[PDB]
């Protein structure tokens, strides 16, 4: 127990495909109660006095927080404070989603409820997002180098070029007709600096909405990336290194996360 941010028992793959060691509750942020974003839902651990890193997550174009509810709960149950935003407008673009992730992280750190701040290490924050929300995750990673990690899920953006040192794991869906991996996920991955720890995983046969319902692969890779970088939890390298996963139809890395 030398790593002060290490939470929960030694992981196994099967444990990372279900809700984790911590009971979770939600707090609903009303649209009117906050500026810079449209409110959302915070998933956070209960039955514990411990603190955890925080994650701000963005849904995609025309979607709301409930499109990632399963994943907010899944991540929180593994030992995170997870804020899934609603946008000011369902029709906000990827850069507007980055700004709203920025406002959500500031909110988490500065004016979230006492119940949430007691479970939060506001020094250890990360971002994730679906589609345009994934585009927003890449934009904010370029702007804020204190972010511990970025996980764009079936991401979409017109900008194909991001400069960040924030470790990025991108999830592509093989059969994605909305944000095709050849035009979105893969160029994002390839155009990221060669010196940035980066991973691309492609889900065999998966559609653009794979992230919107429970998905064993998204669970394993998202928990593992957030554990490794938000908590410095090297016990999660085993799921990100030497990867032989039949759910995947592509895998690319520059191998800066295994040592």
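Positions refer to the first chain, counted from 1.
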Entry B factor averaged over C-alpha atoms, 154-162 against 121-129: higher for 154-162
Averaging CA B factors per stretch from the PDB record, which one is higher: 105-113 or 72-80? 105-113
Quiz for you: based on the deposited Cα B-factor, which of 206, 56, 199, 217 is highest? 206
For the listed 44, 221, 229, 61, which has the peak Cα B-factor recorded in the PDB entry? 61
Here the Cα B-factor of residue 94, set against its chain, lands in the third termed highest
Chain thirds by Cα B factor, record data; residue 35 belongs to the highest
Based on the deposited C-alpha B factors for this chain, I'd like to know if residue 146 is in the lowest, middle or highest third. middle
In terms of the chain's CA B-factor thirds, is residue 181 lowest, middle or highest? highest
Give the position of residue 88 by CA B-factor within its chain, expressed as the lowest, middle or highest third. highest
